[PDB]
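Structure at a glance
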Amino acid sequence: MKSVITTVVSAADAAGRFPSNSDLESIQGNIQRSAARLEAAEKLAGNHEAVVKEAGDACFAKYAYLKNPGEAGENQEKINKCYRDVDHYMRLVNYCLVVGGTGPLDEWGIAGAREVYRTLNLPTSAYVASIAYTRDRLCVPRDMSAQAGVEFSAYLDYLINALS
Amino acid sequence: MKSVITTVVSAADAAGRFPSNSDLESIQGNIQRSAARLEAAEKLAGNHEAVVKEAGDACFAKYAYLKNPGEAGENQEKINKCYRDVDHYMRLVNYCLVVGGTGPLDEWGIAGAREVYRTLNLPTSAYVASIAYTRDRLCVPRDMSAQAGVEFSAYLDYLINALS
Amino acid sequence: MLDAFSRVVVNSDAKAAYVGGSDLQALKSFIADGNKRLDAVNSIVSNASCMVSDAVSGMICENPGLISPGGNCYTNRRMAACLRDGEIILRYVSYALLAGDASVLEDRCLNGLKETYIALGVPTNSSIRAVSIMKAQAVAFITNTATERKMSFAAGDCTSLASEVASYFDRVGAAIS
Amino acid sequence: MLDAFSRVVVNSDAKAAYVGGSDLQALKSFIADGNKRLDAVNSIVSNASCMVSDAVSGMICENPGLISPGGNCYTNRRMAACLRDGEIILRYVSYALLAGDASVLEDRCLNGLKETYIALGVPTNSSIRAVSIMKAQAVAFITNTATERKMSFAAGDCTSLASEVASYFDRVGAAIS
Amino acid sequence: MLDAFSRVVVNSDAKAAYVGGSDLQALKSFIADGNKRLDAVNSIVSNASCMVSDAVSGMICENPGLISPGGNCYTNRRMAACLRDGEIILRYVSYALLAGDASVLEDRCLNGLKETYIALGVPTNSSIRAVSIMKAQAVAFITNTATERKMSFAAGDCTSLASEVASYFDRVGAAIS
Amino acid sequence: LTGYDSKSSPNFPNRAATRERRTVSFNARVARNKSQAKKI
Amino acid sequence: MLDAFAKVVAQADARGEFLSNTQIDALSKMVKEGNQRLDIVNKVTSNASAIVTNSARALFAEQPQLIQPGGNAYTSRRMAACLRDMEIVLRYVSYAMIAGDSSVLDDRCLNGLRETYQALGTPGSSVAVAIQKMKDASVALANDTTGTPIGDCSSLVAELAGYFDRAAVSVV
Amino acid sequence: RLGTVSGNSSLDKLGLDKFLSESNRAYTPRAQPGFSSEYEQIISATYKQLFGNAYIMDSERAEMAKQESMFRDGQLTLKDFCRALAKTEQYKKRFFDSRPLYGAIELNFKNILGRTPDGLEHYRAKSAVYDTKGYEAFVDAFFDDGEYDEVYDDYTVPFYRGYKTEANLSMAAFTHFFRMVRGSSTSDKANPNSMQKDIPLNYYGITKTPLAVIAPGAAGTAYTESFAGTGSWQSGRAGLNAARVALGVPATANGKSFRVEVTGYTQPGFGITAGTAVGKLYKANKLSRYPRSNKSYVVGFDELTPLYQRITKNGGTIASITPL
Ligand SMILES: *C(=C)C1=C(C)[C@@H](Cc2[nH]c(/C=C3N=C(/C=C4\NC(=O)[C@H](C)[C@H]4CC)C(C)=C\3CCC(=O)O)c(CCC(=O)O)c2C)NC1=O
Ligand SMILES: *[C@@H](C)[C@H]1/C(=C/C2=NC(=C\c3[nH]c(C[C@H]4NC(=O)C(C=C)=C4C)c(C)c3CCC(=O)O)/C(CCC(=O)O)=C2C)NC(=O)[C@@H]1C
Ligand SMILES: *[C@@H](C)[C@H]1/C(=C/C2=NC(=C\c3[nH]c(C[C@H]4NC(=O)C(C=C)=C4C)c(C)c3CCC(=O)O)/C(CCC(=O)O)=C2C)NC(=O)[C@@H]1C
Ligand SMILES: *[C@@H](C)[C@H]1/C(=C/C2=NC(=C\c3[nH]c(C[C@H]4NC(=O)C(C=C)=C4C)c(C)c3CCC(=O)O)/C(CCC(=O)O)=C2C)NC(=O)[C@@H]1C
Ligand SMILES: *[C@@H](C)[C@H]1/C(=C/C2=NC(=C\c3[nH]c(C[C@H]4NC(=O)C(C=C)=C4C)c(C)c3CCC(=O)O)/C(CCC(=O)O)=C2C)NC(=O)[C@@H]1C
Ligand SMILES: *[C@H](C)[C@H]1/C(=C/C2=NC(=C\c3[nH]c(C[C@H]4NC(=O)C(C=C)=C4C)c(C)c3CCC(=O)O)/C(CCC(=O)O)=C2C)NC(=O)[C@@H]1C
Ligand SMILES: *[C@H](C)[C@H]1/C(=C/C2=NC(=C\c3[nH]c(C[C@H]4NC(=O)C(C=C)=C4C)c(C)c3CCC(=O)O)/C(CCC(=O)O)=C2C)NC(=O)[C@@H]1C
Ligand SMILES: *[C@H](C)[C@H]1/C(=C/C2=NC(=C\c3[nH]c(C[C@H]4NC(=O)C(C=C)=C4C)c(C)c3CCC(=O)O)/C(CCC(=O)O)=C2C)NC(=O)[C@@H]1C
Ligand SMILES: *[C@H](C)[C@H]1/C(=C/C2=NC(=C\c3[nH]c(C[C@H]4NC(=O)C(C=C)=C4C)c(C)c3CCC(=O)O)/C(CCC(=O)O)=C2C)NC(=O)[C@@H]1C
Ligand SMILES: *[C@H](C)[C@H]1/C(=C/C2=NC(=C\c3[nH]c(C[C@H]4NC(=O)C(C=C)=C4C)c(C)c3CCC(=O)O)/C(CCC(=O)O)=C2C)NC(=O)[C@@H]1C
Ligand SMILES: *[C@H](C)[C@H]1/C(=C/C2=NC(=C\c3[nH]c(C[C@H]4NC(=O)C(C=C)=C4C)c(C)c3CCC(=O)O)/C(CCC(=O)O)=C2C)NC(=O)[C@@H]1C
Ligand SMILES: C=CC1=C(C)[C@@H](Cc2[nH]c(/C=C3N=C(/C=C4\NC(=O)[C@H](C)[C@H]4CC)C(C)=C\3CCC(=O)O)c(CCC(=O)O)c2C)NC1=O
Ligand SMILES: C=CC1=C(C)[C@@H](Cc2[nH]c(/C=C3N=C(/C=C4\NC(=O)[C@H](C)[C@H]4CC)C(C)=C\3CCC(=O)O)c(CCC(=O)O)c2C)NC1=O
Ligand SMILES: C=CC1=C(C)[C@@H](Cc2[nH]c(/C=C3N=C(/C=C4\NC(=O)[C@H](C)[C@H]4CC)C(C)=C\3CCC(=O)O)c(CCC(=O)O)c2C)NC1=O
């Protein structure tokens, strides 16, 4: 849970110190950023069912070969286990917009993902294609403000740089 | 040099990662404090000769036995080394106000203080008798703004707990 | 580890639900009352070593058995560590107030404290009194009920954290018991 | 180690002077131009994993003997390390842009990289080409002048922040030479 | 490492010899004056704390640039290290006085001290004034010649030990210059 | 006698310092080699 | 040693590329500032004894323990070796001003100067104060308008201060 | 940045900056289930210290899966992880099987203990365990004696300590630390005194000879010298390095005497000009003007300033000047 609070209280504890003034004003910045980080989270929370749909079938448009036998898309349950696999990644981003930092991604999503995808024969190139779809057609005056979108996209390209 | 910037680039180099928004929202609070924290260090620099003289004259006046022979305040050059010993401490608290954190204090004056006053017979009870005068003599409507005196009085109490 | 922000993200995770406008007001008032949390840790840490020595030497003035011959706080070596056992637990409940959740010390400070004090014969009768008077030093600093110290603070209310930090002080008194 | 505010302290400590109205003005523009510097490091941490592989391929496409048997990047394990060696260099330049001064890559990366590369046998002309690619990649990312990706910023200037990060890349080539 | 007794047995080991008449006479004289050797060592370690405070303050009052900003003893961390760099020096000289042989400060203190001080930046032309002051203090203690401290002793002469301890204190200034 | 010396085994209980160590590491050093016979 | 023109060529030869049209424009901008580059090293080498001695005298005026008996400038020979070193550095900074880069300054003056002053016992904090005093004695002398036609020299004066600050930081 | 007087500190400008920042202290007995984002930092910090900034690829790391699982269970850092990791194949490949026996002892002191073997008896105390009990008890002797338990905790990663006064070794072993650990961006394979194939402190570690300290990043960081004895009993050759003594009438004439070390000596850049000579480029025996770079000198005080100009005006650069 690598947020702004749990990185200063771990730095003082490693030295054996009390929370000094350099700790108390790095959490002032947590206050002046929540207004551009929390309204981008509820907007995802009230519209995640319609945005994970058009982002889900983007990889099923580009990598349309996936529905061959021996691959990730044979039967309908492999699709239902695919629109679930992408529904989680919008939730783990939604947790990273209410904890402040990049905590819930790199312990639950990112951690242990390179080895579950190598042995289950899941191509990671369709993960980075479905994620970069919803990263690339949000427009800043309609769905968010100019300050929420830079916050929202920064946790999106954290995924693509971790997978690829 | 523990500041807000040196906290997060050393927390990140510990893990071996890039600066995320758990490192960028910390430096936002560095902007939300420098408008008032740098105001006190502007006042202290142009006033320090009127403050270091009032600080020592509230120490020897209470600790009048230190001017007896055999003590650490014998003659005029020792007392001239007593204003040199305090005008460092009003300079090191000036250096902590511009780096944001408590960087210069805990590695230039504090680090090794227990062995340089116990060996040279310097009483560590008189140092706190002068710094607490400067803290208790701090009047926020006239001399400062109300938010400088919150944090200017917070570094003197970092000295007092680290000298006691 | 798990602060007040990370507390709601595992309660919502274990039911597999998005965090939304039903429960984003409890973190809206948390942010909007965050300056009261900063004006409470700064009013503790300014005399954090002082409220140890008033309490660890205030524990013994109700109980002279600690500096009895054969007592637990007899020598200077055992008195160095009692003032050292008394500055860790104050430091770790400073960590639980900046975070907003107790979970920083039930894995670091209190994980197995009960078995070390019954190993060394550190008695459970005094350490509860050693933290109860330090808790009263804690709750008397965030509000201006201290005697010779009256820090100039902005007006308002601080009875919210005063029922909170003392709730972080009787959990160690129930863990070491 | 030393940020920009940590450099005016050590410069004024050798004088044993107080920082004042002539030196605070240089740092008062540093906090006014802080929302651009936070806006610009975000543009390089986002496109970080693509800048590396574009630069190790770009070094290889101009020197095809580097994958020949006997070249430094021949096998997989020698190639996998070049993608590692090239991104720790980028990770400290993202640090030195975040602080303000060049004393995090100087004393943790370039203090010892000259004799790192003359013990492994890494060519000191191929490596400074891969640095000079990422120098141009970051300058064309800081200004919105990249070809295939554009990021939405508030309109203004970052010419000063562009030439600062070129100076950080330019001393890597001077160090390991 | 080697005492006065083991110095003899490694010289007669080269000859494949025993110990006889002429080689035990200088060794029985060590046992004869052996009560004075203990009686001189105790006069140093009884008041070594004032001997290291007066010594590094005599170097400072002769060289006022050592406490300038940019002087080697400027901050408290560098000054406290000076206060124990000379306290380690005095500990090993009192070992070679006790064992009667200079092969213990030659091994564990002197060997490599010159290359260590030039690396850290310690001025070696000013480290020898601190030892030469301690040479004058140590010979003014095993002879009752200290101006502000007189110690009771049995009647007799100890000028041979005054030249023994002055040979140790001069080879510390010969190993770092 | 067996060898040049007869130093004790590092598998014997109560062999480390346990003076001013952390509470994580104090409990590790008092129960070093006592866990087997407690469960036997 | 290299100058500012032989620096661009040695860069381009390692990549083996033909100098661009926008890289001859940089060198033709560099020749247009050619008279003023001579006007600074003429104003400095015609004042070199007054630069050193007024700045050496100001050094021992505020640091009297250097010329106190026992210091590291008390002898006539330990003092004559001190004014020589203050003139060594000014000579290799004026060498590094017509060249346009600090290559003759590093390879013939500064590489080894810190390692020398640790061995001899010379206080490096005071060689900085000696060097920094000659910098603004020369910066204010290079802004003298007398004899030169009035224009702007603020990108060349800032470059001359950069060679002094480099030689000052390479001895501490 | 280099120097010793700028920031009123001197050890963080010798390459020990990043090592002076970390603790990696593992504040709980077992790892908490549900999470891995805190103990993964502890795992990887143990890897960069015990292997010494070595690269371990993800297939090389996946050989050591079992161990990393027991330490994340209720087991400890020193005996269940650092002792298990040094008995794997990814450790024995780089530090044991590539070297002679004394290369292995010098790297186990650096990796496990964080210091230097000073004197022949620290080598011999660890050499004799291998001859009677093999490799798997030779690693135990670095752990289960009376040095590890009093310095590092049960759950702290073994940080570097061979430079500080608490490790009561010597002052010659201070200089030997800055031959092993040449900065933070360096590894054991990546420093020019040991290329994972030899013994780094062979003659200097046995005889406790102090070395000149050359700071990483200084102009002259490439200084390296080869070894030959002299004297007819050991059947050695004269003319390779300089002496370390300055013994005769040339000691105190021309002032006191110093030992200078040069590194960069190329064939152009000798004469009193700016450009290389054109023509034949070599004499008839076609060796060089300087048949090897890294020359060292012994020079008095009154000849130090003419020597200095001969060094630098002919291309060389000064790595270290120590007084003799
Ligand atoms: C002996 C029997 C005995 C003492 C010794 C002394 C210690 C003590 N003090 C309290 C209550 C408080 N202590 C406080 C601490 C401080 N007050 C200050 O102003 C300074 C900053 C600081 C000391 C460094 C505070 C704020 C309180 C509460 C208000 C008050 O004055 O009571 C106790 C607790 C008593 C109990 O309930 O058991 C003790 C033991 N008091 C003694 O009686
Ligand atoms: C209870 C503990 C106190 C009390 C607290 C209140 N403080 C209020 C506001 C406040 N406090 C600070 C300083 C704080 N902010 C920081 O960023 C840092 C350090 C980095 C600190 C210590 C500030 C800046 C403010 C905002 C108002 C101002 O600028 O003056 C406050 C009002 C806000 C609110 O209620 O939400 C309260 C009630 N006040 C009390 O009466 C007791 C004693
Ligand atoms: C030059 C590099 C760019 C450019 C930069 C500008 N950015 C400006 C504003 C800006 N950026 C952010 C986001 C940033 N700040 C943060 O605190 C965090 C995360 C913690 C991030 C990613 C913010 C908040 C702002 C300020 C917006 C506002 O207050 O309106 C900006 C305008 C400010 C100024 O001009 O001083 C500029 C110029 N813009 C460009 O066009 C080039 C390409
Ligand atoms: C501590 C007071 C000891 C003690 C030590 C002795 N010091 C002796 C000689 C001595 N003391 C100084 C330092 C003094 N002179 C100064 O100029 C300054 C500061 C500006 C100071 C603090 C020096 C320099 C010397 C020796 C002169 C030299 O050789 O260079 C000494 C010898 C006899 C004597 O002078 O008393 C002793 C015994 N004396 C004590 O009684 C306590 C234990
Ligand atoms: C020159 C260094 C001194 C001095 C030395 C003399 N000491 C003499 C006798 C002596 N000293 C002690 C105490 C000493 N012996 C111990 O066993 C221990 C500690 C365990 C200590 C400190 C004793 C017991 C004796 C023996 C006779 C006695 O005093 O009862 C001595 C005369 C006897 C001899 O030479 O063997 C001398 C000359 N005396 C001086 O005047 C200078 C200061
Ligand atoms: C901005 C780049 C364009 C723009 C594109 C259009 N999007 C349209 C529908 C649509 N957009 C989204 C993404 C958006 N809705 C969300 O709920 C969230 C996150 C919570 C985001 C980023 C979705 C999911 C949908 C489909 C369902 C819906 O409308 O909510 C749209 C109309 C139909 C279409 O063309 O797809 C357009 C034109 N809209 C704009 O106004 C600017 C030009
Ligand atoms: C003082 C108000 C108490 C009291 C304190 C004593 N504690 C003693 C030893 C001790 N305490 C701890 C726990 C402490 N160490 C930690 O690492 C942490 C959390 C991170 C805590 C809270 C430990 C592990 C030990 C073992 C020894 C040690 O580590 O120093 C102690 C005895 C010291 C000794 O035996 O030498 C005392 C007196 N005891 C009291 O009676 C009052 C109530
Ligand atoms: C790629 C752009 C290069 C290239 C790179 C190679 N680097 C190799 C090994 C290596 N590199 C470093 C330095 C790196 N580690 C750090 O901690 C930092 C900065 C803080 C940096 C820059 C080290 C320490 C090592 C040693 C790894 C080890 O010994 O395990 C390397 C060889 C890998 C191997 O032999 O297994 C290569 C090929 N080489 C090239 O040709 C291009 C120019
Ligand atoms: C004081 C009279 C001197 C002076 C002393 C300084 N020594 C500094 C560091 C340091 N010194 C030693 C040598 C010492 N330690 C030993 O273990 C032994 C022999 C057994 C000796 C003689 C070492 C190893 C170190 C390294 C630091 C450490 O070990 O912790 C020092 C600098 C401290 C710093 O760098 O911050 C000083 C100032 N220097 C002086 O100016 C006067 C002459
Ligand atoms: C800059 C620090 C001065 C300054 C300099 C200007 N000098 C200008 C022209 C100029 N300078 C010289 C002398 C120079 N040329 C040589 O050949 C030799 C040695 C033999 C020297 C010392 C000459 C001959 C000229 C005439 C060429 C020309 O007209 O450019 C000059 C241009 C004039 C202008 O811009 O109006 C400038 C600016 N002027 C200053 O204000 C500062 C103090
Ligand atoms: C998968 C089909 C299973 C299952 C597997 C899990 N095992 C988990 C943790 C874990 N497992 C072991 C035993 C393993 N380590 C060994 O050394 C050996 C044999 C020599 C074995 C079999 C250990 C020690 C642990 C501790 C956790 C750790 O090592 O980090 C585990 C949870 C991982 C976690 O909590 O993060 C799982 C899911 N569990 C299942 O439900 C199915 C049946
Ligand atoms: C809480 C976090 C969380 C995640 C991130 C995912 C991650 C994840 N996905 C799958 C499992 C899967 N994930 C996918 C999804 C896809 N396959 C592809 O190649 C496409 C990229 C994508 C479709 C869009 C599919 C098809 C499976 C089934 C694989 C199989 O069972 O053979 C599994 C194995 C268990 C299972 O079969 O369900 C796990 C752990 N699940 C989680 O619980
Ligand atoms: C840059 C960081 C820095 C500091 C924090 C101080 C710390 C400090 N003070 C003194 C030294 C001193 N400090 C004092 C001051 C006092 N003594 C007392 O007994 C009173 C309590 C108090 C008066 C206010 C005196 C009188 C001396 C000289 C004592 C002596 O050696 O005679 C010394 C020894 C060196 C010296 O003699 O100057 C040091 C390191 N100095 C520094 O350079
Ligand atoms: C400090 C005190 C101290 C001790 C007393 C011993 C105690 C001791 N003994 C053994 C171990 C043993 N001890 C004995 C001894 C005996 N079995 C018999 O049949 C006889 C009754 C008796 C001796 C006559 C035997 C046979 C072993 C077995 C070794 C093995 O299992 O291979 C072990 C485990 C092996 C080891 O750790 O090295 C230990 C800790 N060690 C110590 O450090």
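Its PDB header names cryo-EM as the technique used to obtain the model and reports a resolution of 2.8 Å.

Okay, the overall build of chain G next. Scanning chain G from terminus to terminus reveals 9 helices and 0 strands. Reading the helices (α) and strands (β) of chain G from amino to carboxyl end gives α-α-α-α-α-α-α-α-α. Dimensions of chain G, computed from C-alpha atoms along their principal axes, come out at roughly 65 × 40 × 20 Å. Taking all 172 residues of chain G together, the buried fraction comes to 41%. Taking as baseline every contact in chain G between residues at least 6 positions apart, the subset at least 24 positions apart corresponds to 76%.

Side chains of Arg77 and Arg78 of chain D together with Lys93 and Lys189 of chain H sit close together on the surface and give a patch of like positive charge. Structurally, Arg78 of chain D is set in helix α5 (residues 76–99).

Across the 9 residues of helix α10 (residues 172–180) of chain H, 9 count as buried, placing the element largely inside the fold. What α10 of chain H keeps buried is the set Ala172, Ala173, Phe174, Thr175, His176, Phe177, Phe178, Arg179 and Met180 of chain H.

Moving on: the interface of chain D and chain B. Taken together, the 32 residues of chain D in the interface contact 34 residues of chain B. Where chain D abuts chain B, roughly 3000 Å² becomes buried across the two surfaces, and 68% of that area is made up of carbon and sulfur atoms. Applying the counting criterion to the chain D and chain B interface returns 3 salt bridges. Two residues, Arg108 of chain D and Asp13 of chain B, come together in a salt bridge whose shortest N-O distance is 3.5 Å. At the boundary of chain D with chain B, the tally comes to 12 residue pairs in polar contact. Contributions of two or more residues to the side of chain D that touches chain B are made by α1 (5–14), α2 (24–32), α3 (34–45) and α5 of chain D. Looking at the side of chain D that touches chain B element by element, the count peaks at 8 residues for α5 of chain D. Of the residues in the side of chain D that touches chain B, the class split is 19 nonpolar, 8 polar and 5 charged.

Moving on, we get to the sheet that holds strand β2 (residues 296–300) of chain H. In sheet architecture, strand pairing relies on hydrogen bonds along the backbone and comes in two forms, parallel and antiparallel. All names here are of chain H. Sheet architecture is open: 3 strands sit in the order β2-β1-β3, paired in antiparallel fashion. Of all strands in the sheet, those with a lone pairing partner are β2 and β3 (318–323), marking the two edges. If you compare each strand with its neighbour and ignore which way they point, the axes differ by 20 degrees on average. Sheet topology note: the strand β1 (residues 257–262)/β2 ladder contains 5 bridges and is antiparallel. Residue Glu261 lies in a different strand from β2, and its bridge partner there is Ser296. This element, helix α13 (residues 304–312), spans β1, β2 and β3 of the sheet and lies at about 150 degrees to β2.

Applying the stated criterion across every chain yields a total of 69 salt bridges over all chains. Its salt-bridge partner being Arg84 of chain A, residue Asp85 of chain A comes within 2.4 Å of it at the nearest N-O pair. The exposure class of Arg84 of chain A is partly exposed, given its relative accessible area of 39%. Here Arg83 of chain H ties to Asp144 of chain H by a salt bridge, and the two come within 4.0 Å at their closest N and O atoms. A residue pair is termed long-range when its members are at least 10 positions apart, and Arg83 of chain H in helix α4 (residues 78–85) and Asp144 of chain H in the loop between α8 (140–143) and α9 (148–151) qualify at 61 residues. For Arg83 of chain H, a relative accessible area of 13% translates into the label buried.

Before going further, it helps to examine the site of ligand 5. Residues and elements named next belong to chain E. Not every one of the 13 residues close to ligand 5 is listed here, only the nearest: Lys36, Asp39, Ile142, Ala154 and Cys158. One of the backbone N or O atoms of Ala154 is found 3.1 Å from a nitrogen atom in ligand 5. When the free accessible area of ligand 5 is taken as 880 Å², the share hidden by the protein chains comes to 58%. Looking at the shell around ligand 5 residue by residue, the classes come out as 7 nonpolar, 3 polar and 3 charged.

Our next topic: the nonpolar core. Generally speaking, soluble globular proteins have nonpolar side chains that are buried together. In this structure, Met59, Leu105 and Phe169 of chain D are the most contacted members of the largest nonpolar core, which totals 57 residues. Ranked by residues supplied to this core, first place goes to α5 of chain D with 10 residues. Excluding residues that lie within four positions of it along the chain, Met59 of chain D makes contacts with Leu66, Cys73, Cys82, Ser126, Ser127, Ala130 and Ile133 of chain D. Core analysis: the next-biggest nonpolar cluster, separate from the first, contains 56 residues, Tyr92, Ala119, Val127 and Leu156 of chain G among them.

The next thing to look at is the packing of aromatic side chains. The tally for this structure, following the rule as stated, stands at 41 aromatic pairs over all chains. For the pair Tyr47 of chain H and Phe81 of chain H, a centre-to-centre distance of 6.0 Å together with 75 degrees between the ring planes defines the contact as edge-to-face. With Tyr47 of chain H in helix α1 (residues 39–50) and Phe81 of chain H in helix α4, this pair connects stretches of sequence that are 34 residues apart. Across the pair, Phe81 of chain H and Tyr47 of chain H agree in class, each one buried. Consider the rings of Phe96 of chain H and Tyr130 of chain H, whose centres lie 6.1 Å apart with planes at 65 degrees: the pair is edge-to-face. Residue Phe96 of chain H is located in the loop between α5 (89–95) and α6 (101–113), and its partner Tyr130 of chain H is located in helix α7 (residues 120–138); the two are separated by 34 residues in the primary sequence. Through a chain of ring-to-ring contacts, three or more aromatic side chains come together here, namely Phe19, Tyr160, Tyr163, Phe174, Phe177 and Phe178 of chain H. Between the NZ or CZ atom of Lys67 of chain B and the centre of the ring of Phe60 of chain B, over which it lies, the distance is 4.5 Å.

What follows covers the arrangement of the chains. With 17 pairs of chains in contact overall, the contact-richest pair is chains B and D. For the non-touching pair chain B and chain G, the nearest C-alpha separation works out to 17 Å.

Before going further, it helps to spend a moment on the state of the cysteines. For the structure on display, the rule yields 0 disulfides over all chains. This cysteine, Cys59 of chain B, is not joined by any disulfide, and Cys82 of chain B carries the nearest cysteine sulfur, 5.7 Å off. Lacking any disulfide linkage, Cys109 of chain E is separated from the closest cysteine sulfur, that of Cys82 of chain E, by 14 Å. Judged by its relative accessible area of 4%, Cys109 of chain E falls in the buried class.

The full set close to ligand 13 counts 19 residues, and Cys82, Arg84, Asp85 and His88 of chain B together with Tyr74 of chain E are the nearest of them. Around ligand 13 the close residues trace back to chains B and E. Within the side chain of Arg84 of chain B, an N or O atom sits 2.5 Å from an oxygen atom of ligand 13. Take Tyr74 of chain E: an N or O atom from its main chain is 2.8 Å from an oxygen atom of ligand 13. Surface burial for ligand 13 is 93%, taken as the share of its 880 Å² of free accessible area covered by protein chains. Counting residues per element, the shell around ligand 13 draws most heavily on helix α5 (residues 76–87) of chain B, which supplies 6 residues. The residue inventory of the shell around ligand 13, partitioned by class, reads 13 nonpolar, 2 polar and 4 charged.

This next bit is on a nonpolar patch on the surface. A contiguous nonpolar patch, built from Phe5, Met30 and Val31 of chain G and spanning about 250 Å² of accessible area, is present on the exposed surface. Looking at the element boundaries, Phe5 of chain G is found in helix α1 (residues 4–15).

A few words now on α13 of chain H. Each α-helix winds once per 3.6 residues, and so residues spaced three or four apart point in a common direction. Turning to α13 of chain H, its buried residues number three or more, namely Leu304, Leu307, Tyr308, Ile311 and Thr312 of chain H. The buried side chains of α13 of chain H occupy one side of the element, clustering within an arc of 125 degrees when seen end-on.

Cut-offs used in this document
- Residues numbered from 1 in each chain as written, not as in the entry; some residues may be left out.
- Chains lettered and ligands numbered in written order.
- Part of a larger assembly, values for the part shown.
- Heavy atoms only, no water.
- Helix = DSSP H or I, 4+ residues; strand = E, 2+ residues; numbered from the N terminus.
- Buried < 20%, exposed > 50% of the residue type's maximum accessible area, 1.4 Å probe, protein only.
- Contact = heavy atoms within 4.5 Å.
- Patch = residues over 30% accessible without salt bridge, like charges linked within 9 Å, V, L, I, M, F, W, Y side chains within 5 Å.
- Areas by Shrake-Rupley, 256 points an atom, 1.4 Å probe, with all protein chains shown as cover.
- Salt bridge = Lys/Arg side-chain N within 4 Å of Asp/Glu carboxyl O.
- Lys, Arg positive; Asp, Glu negative; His and termini not counted.
- Charge placed at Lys NZ, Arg CZ, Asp CG, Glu CD.
- Buried area = accessible area lost by both parts, 1.4 Å probe.
- Polar contact = N/O pair within 3.5 Å; in protein donor to acceptor, adjacent residues only side chain to side chain.
- Nonpolar A, V, L, I, M, F, W, Y, C, P; charged D, E, K, R; others polar.
- Pairing = 2+ DSSP bridges.
- Axes fitted to C-alpha atoms, helices over the stretch in contact; angles between N-to-C directions.
- Near = heavy atom within 4 Å.
- Core = buried A, V, L, I, M, F, W, Y, C linked by side-chain atoms within 4.5 Å.
- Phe/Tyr/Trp six-rings, centres within 6.5 Å; stacked < 30°, edge-to-face > 60°.
- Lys NZ or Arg CZ within 6 Å of the ring centre and 35° of its normal.
- Disulfide = S-S within 2.5 Å.
- Arc of directions from axis to C-beta.

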